[PDB]
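Worksheet: one structure, shown below.
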Amino acid sequence: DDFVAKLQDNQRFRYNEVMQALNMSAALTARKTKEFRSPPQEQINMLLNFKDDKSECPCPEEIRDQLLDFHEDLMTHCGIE
Amino acid sequence: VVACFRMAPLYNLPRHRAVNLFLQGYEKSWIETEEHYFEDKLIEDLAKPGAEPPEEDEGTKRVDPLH
């Protein structure tokens, strides 16, 4: 519940930044709006790629850290760790 | 082009719908991809004769759990 709320507020901020920044280039706006025009499943799929070190997702470090801590807690509760 | 750029993002969606989407995405991306190796250790534990002479076998050697 709170992870998704923070992610949605981030999307609010990032979309506004892209709208403010659309005026430099129309070609740039295409790759910036890939996310906002992707289906809702694809949007969250690309937002949840900060696992591993490829790290091309637009998620910020703090939001990444929240899930990277909850996931470690879940693993140590499942006994995998 | 503004209308084309205008679509259905996550920030407009109700929170519970996005939570369900997050549950599915988290599942597939993290829980499915998580890997831990235990097969060799498990088989080694299962193949051990578990203190059979200490146990009161009093006959033929009892088959191990893997058997």
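FYI, it's all coordinate maths here, none of it is from the lab. As a convention, Cβ positions derive from the backbone with ideal geometry for all residues, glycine included, and neighbour counts pool all protein chains shown.
When you scan the range A:35-47, do you find a residue that is more than 24 Å from residue B:37 (Cα to Cα) and part of a loop (DSSP other than H, G, I, E, B), even just one?
yes
So, restricting to helices (runs of 4 or more DSSP H) that lie completely within chain B, which ones have at least 1 residues that are facing chain A (nearest Cβ under 7 Å)? Spell out how you get there, then give the answer.
Values: elements: B:2-5, B:15-26, B:39-47.
Fully inside chain B and qualifying: B:2-5, B:15-26.
Restricting attention to the range A:9-23, which residues are more than 10 Å from chain B (Cβ to nearest Cβ) and either touching a helix residue (DSSP H, G or I) at 6+ places or on another chain (Cβ under 8 Å) or of a type in the set (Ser, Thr, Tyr) (or both)?
Answer for the range A:9-23, where residues must be more than 10 Å from chain B (Cβ to nearest Cβ) and either touching a helix residue (DSSP H, G or I) at 6+ places or on another chain (Cβ under 8 Å) or of a type in the set (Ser, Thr, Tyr) (or both): just A:21.
Please go through the range A:24-81 and pick out each residue that is surrounded by 15 or more Cβ atoms within 10 Å (Cβ to Cβ), over 19 Å from residue B:21 (Cβ atoms) and facing another protein chain (nearest Cβ under 8 Å).
A:29, A:33, A:75
Going residue by residue through the range A:1-8, is there one that turns out to be among the small types (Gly, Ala, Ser), part of a helix (DSSP H, G or I), under 22 Å from residue B:16 (Cα atoms) and within 8 Å of chain B (Cβ to nearest Cβ)?
yes
Restricting to the range B:39-67, name every residue that is free of Cβ contacts under 8 Å to residues at least 12 places away in the same chain and of a type in the set (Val, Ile, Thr).
B:60, B:63
Kindly provide the set of residues from the range A:1-30 that are in contact (Cβ under 8 Å) with a residue 12 or more places away in the chain and of a type in the set (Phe, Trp, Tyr), ordered by number.
A:3, A:15
More than 30 Å from residue A:57 (Cα to Cα) and of a type in the set (A, V, I, L, M): which single residue out of B:47, B:18 fits that description?
The unique qualifying residue is B:47.
Please identify the pairs in which a residue from the range A:46-70 that is free of Cβ contacts under 8 Å to residues at least 60 places away in the same chain has its Cβ atom under 8 Å from the Cβ atom of a residue that is of a type in the set (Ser, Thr, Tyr) and part of a loop (DSSP other than H, G, I, E, B), counting only partners at least 6 apart or on another chain.
A:46/A:38; A:49/A:55; A:51/B:33
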